[PDB]
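To start, the structure itself, in structure tokens.
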Amino acid sequence: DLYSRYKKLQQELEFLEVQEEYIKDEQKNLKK
Amino acid sequence: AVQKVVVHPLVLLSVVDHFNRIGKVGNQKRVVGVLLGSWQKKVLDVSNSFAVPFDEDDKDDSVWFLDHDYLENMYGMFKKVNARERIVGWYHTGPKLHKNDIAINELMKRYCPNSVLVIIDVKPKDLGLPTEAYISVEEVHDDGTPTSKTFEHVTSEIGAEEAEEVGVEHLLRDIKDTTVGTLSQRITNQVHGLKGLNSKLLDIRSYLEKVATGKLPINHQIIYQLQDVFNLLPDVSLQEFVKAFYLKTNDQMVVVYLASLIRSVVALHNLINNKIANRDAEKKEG
Amino acid sequence: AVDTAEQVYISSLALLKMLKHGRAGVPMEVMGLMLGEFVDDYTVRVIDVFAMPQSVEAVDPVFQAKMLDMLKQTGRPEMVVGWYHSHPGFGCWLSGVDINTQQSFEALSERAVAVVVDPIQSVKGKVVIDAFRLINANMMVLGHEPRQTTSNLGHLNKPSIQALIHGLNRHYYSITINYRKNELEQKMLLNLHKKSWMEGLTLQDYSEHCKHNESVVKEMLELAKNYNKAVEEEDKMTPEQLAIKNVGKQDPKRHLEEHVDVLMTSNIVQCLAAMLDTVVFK
Amino acid sequence: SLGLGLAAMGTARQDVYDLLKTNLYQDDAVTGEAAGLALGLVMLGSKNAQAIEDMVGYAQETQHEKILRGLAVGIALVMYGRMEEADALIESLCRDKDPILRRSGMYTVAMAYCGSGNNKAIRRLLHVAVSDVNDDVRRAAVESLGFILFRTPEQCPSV
Ligand SMILES: [Zn+2]
């Protein structure tokens, strides 16, 4: 688990960030 | 003088369709049709246009044909269907106008007081404003030209109308556009502007090196006129011009400063507004 | 022989020729011919549009044959596919005589298409375009379309009420329409609102510019005057009674952002262009 | 004709692909279903670059819609699970203005990234999900996620 903890948090980083950019996209499009 | 014209978006498409019509030849078939406009003012309005059969060989560009019969009948139909409309000039799809192009205007100056040409560009590689038009004059020169005759650049623009803006702009939904984009259209403006500057400079230097050496006419046409362009060239960094900037730039900086000042406080209101509602609804929720 | 999920291919000139004609003849039904090509049993394609004189009964077809002739010799020959007219401010529905020309036309060509247009209900964002297709009454019980695909059934829109009150399925069937765009017209249509470098390099003026800022700051002072009293005021009245007593003449917190935005966008570009004009020039 | 390639889908029958080509080059709508599907179906995983060039080279000049659709699926199926060379075609199809060929490329990135949990393609695929104008390539855009999420299937219902 502990090594898979450290891998799974990594996987929880970028897949979480793509949503961060994603809401930017959605908001800017919604303005239009 | 006419000094400018207002061309509607219908034309510039009613030409593209006809360039598409005889566009199967591919190699070269210059599209020529009739331009229709309004005797509006000194400024002139352009609304309608239509085509007419036209061909021309490769060598000795003096062999070209405009069906006067077709012109008479089809314009008779367009007058029967619209007396409000009327002939104003003509066009051709040439990317660069040809030496033959003066004989056409000189021919049909009998229909219009001056059948103004219209150059369109199906492939405006330049991202600037295409489809510019000229009107010929005589500029007999000290050289001894019996009739120094050449066209004249006249500024033009794109027409607009309530309905056509409706239908077109409903068609613009196929692509995204930021026309209300605050402080973005400006940045795009200076970008495309400087692009045009660089393009013009590269062109004029292409011509200038060619004429400078080897093979090009060295006429007194521009050679000193463009020198006078050098004549202006304001020497920006000098004594009092500094007082030109620092006595106003900080002025506008003051206004911007105040604007940021109130903007910060206005943004600060919502912090209290939502920090009240969050915890006050929480403590009452529990 | 059976219907399908048909598609109406258009020509970009066709739309403008529609709206300008109908708008010019706005107070009455304006009529015209729809000219195109029968691409297949499935879809249709219109490429050319033109109208005639009318004082709705069209006058002499001598205009017809000569028109199509001179359209053939210049450009090329084509095929008449349908027609159009206006329902100004109407329910864009085939009128009683409008259907009465339809047995006339479908008897001539099979896929004769009616085209309804209204330059009235069309806002600059979206146009109210329309077109229909007559259906027999002898097959009122028998099926008329095979419905071998969702596109013309559960994939398009929903019949409107003011035209469904006339046919909606009956005496005709609706049809889908799209827009085919040549890349040639597409590129130039992309760019028709830009200007030359002069516009992007203008410096408007600092006398009317500073005069303008001197203007907006003045009343903005008063907007702050009102804003002080309004914000501190706060009757404990619930967040919606404020929203019912604010209709009236109340407007703090709204103009305040506006004047700040405008004063920003002015001063910013006004400084920037002056910057570039000196960095770049000399 | 439509099931012809689905039957011979793993065998990669060049012989049936041959007559399927000339079936595809009839310039018609009735033969578009005849060749457009089985052509790539009998070349599933084949990566026949001449096949890609045939399909994309022919789906640029047509006039019908089925001849565009069968090619839209065949081009998306010709590349199978690469994730590393199909990128040029995914960009070539997504940058297009074709309301079907983008959606054709939108299906493509799904098959070139069969279940690919790569958070790279998720950026621009699920970005044209945002800025995309055509509803067709929009729905085809959002409908590539599960086709790219068997590595972590619990994430689809969160995005
Ligand atoms: Zn009617």
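Each reported figure results from applying straightforward, stated rules to the coordinates on display, with no laboratory input. No Cβ is skipped: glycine too gets one built from the backbone with ideal geometry, and neighbour counts run over all protein chains shown.
Relative to the longest principal axis of the C-alpha atoms of chain B, give the angle of the C-alpha long axis of helix B:185-212, reported between 0 and 90° and rounded to the nearest 10°. Taking the Cα atoms of chain B, the angle to B:185-212 is about 40 degrees.
For region B:1-101, place one equal point scatterer on every Cα, skip the solvent, and apply the Debye formula. What is log10 of I(q)/I(0) at q = 0.10, 0.23 Å⁻¹? Relative scattering, expressed as log10 I(q)/I(0), comes to -0.30, -1.31.
Distances between placed amide hydrogens fall under 5 Å for residue B:149 paired with B:139, all partners being 5 or more residues away or on another chain.
Its Cα gyration tensor gives region B:223-282 an equivalent ellipsoid. The semi-axes, each the square root of 5 times an eigenvalue, are 54, 15, 5 Å from largest down. For region D:100-107, backbone phi angles converted through the Karplus equation (6.51, -1.76, 1.60; θ = phi - 60°) give residue-by-residue couplings of 9, 6, 4, 5, 6, x, 6, 6 Hz, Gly and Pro being listed as x.
Per-residue Karplus couplings for region B:240-252, computed as 6.51 cos²θ - 1.76 cosθ + 1.60 with θ equal to phi - 60°, are listed in order as 8, 4, 4, 5, 5, 6, 5, 8, 10, 4, 4, 4, 4 Hz, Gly and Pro entered as x. Summed over qualifying helices (DSSP H, 4 residues or more, each -39500 (n - 2.57)) and divided by its residue number, the protein assembly as shown shows a 222 nm mean residue ellipticity of -14000 deg cm²/dmol. Available extension along the chain between residue B:169 and residue B:60 is 34.8 nm, counting 0.36 nm per residue and deducting the alpha carbon span. Which of the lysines could be linked to residue B:80 by a straight reach, that is with a Cα gap under 27 Å, when you skip same-chain ones fewer than 8 residues away? Candidates past the 8-residue exclusion: B:41, B:42, B:109, C:17, C:20, C:66, C:72.
Over chain C, the pair-distance histogram of Cα-Cα distances with 10 Å bins from zero comes to 5, 19, 21, 13, 13, 16, 10, 2, 0 percent, rounded to whole numbers.
Sorting C:271, D:94 from the fewest to the most surrounding beta carbons within 10 angstrom yields C:271, D:94. Please give the helix D:66-78 orientation as an angle from the longest Cα principal axis of chain D, in degrees from 0 to 90, rounded to the nearest 10. Tilt relative to chain D: about 70 degrees.
Counting DSSP beta bridges with both partners in chain B, what percentage is antiparallel, nearest 5? Let's see the in-between values first.
Values: 17 of 25 bridges.
DSSP beta bridges in chain B are roughly 70 percent antiparallel.
For residue C:36, the amide hydrogen comes within under 5 Å of the amide hydrogens of C:47, C:48, C:79, C:80, C:81, C:82, counting only partners 5 or more places away or on other chains and with H modelled in the peptide plane.
Counted over the protein assembly as shown, the DSSP beta bridges are approximately 70% antiparallel. Applying the Karplus relation 6.51 cos²θ - 1.76 cosθ + 1.60 with θ = phi - 60° to region C:110-116 yields 3J(HN,Hα) values of 4, 8, 5, 10, 7, 10, 8 Hz, where x marks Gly and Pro. Under 24 Å Cα-Cα from residue A:8, which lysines qualify once same-chain neighbours fewer than 8 residues away are excluded? Hits, sequence-local ones excluded: D:120. Put the Cα centre of region B:251-278 next to the Cα centre of region A:1-25 and the gap is 34 Å. Shape of the protein assembly as shown from the C-alpha gyration tensor: rounded (a/c under 1.5, with a ≥ b ≥ c the square roots of its eigenvalues). Using alpha carbons only, the radius of gyration of chain B set against its Kirkwood radius gives Rg/Rh = 1.14. Amide H contacts for residue C:115 (H built 1.01 Å from N in the peptide plane; partners 5 or more residues away or on another chain; cut-off under 5 Å): C:83, C:84, C:85, C:132.
By definition, a body whose alpha carbon gyration tensor gives a ≥ b ≥ c is oblate when a/c is 1.5 or more and a/b is not larger than b/c, and region C:127-270 fits this oblate description. As a proxy for reagent exposure, ranking B:151, B:230 by other Cβ atoms within 10 Å from fewest up yields B:230, B:151. Cross-link reach is defined here as a Cα-Cα straight distance under 17 Å, omitting same-chain residues fewer than 8 places apart; for residue D:47 the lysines meeting it are D:21. Put in order of Cβ neighbour count within 10 Å, fewest first, the listed residues B:210, B:96, C:124 become B:96, B:210, C:124.
Taking the square root of 5 times each eigenvalue of the Cα gyration tensor, what semi-axes in Å does the equivalent ellipsoid of chain D have, largest first?
Sorted largest first and rounded, they come to 27, 18, 12 Å.
Measure out, as a whole number of angstrom, how far apart the alpha-carbon centroids of region C:232-282 and region B:70-100 sit. That distance is 51 Å.
Total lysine pairs in region B:144-280 at Cα distances under 30 Å, for residues eight or more apart or on different chains: 10. For region B:48-137, what class follows from the C-alpha gyration tensor (a ≥ b ≥ c being the square roots of its eigenvalues): rounded when a/c is under 1.5, otherwise prolate if a/b is larger than b/c, else oblate? Oblate shape, in that a/c is at least 1.5 and b/c is the bigger or equal ratio.
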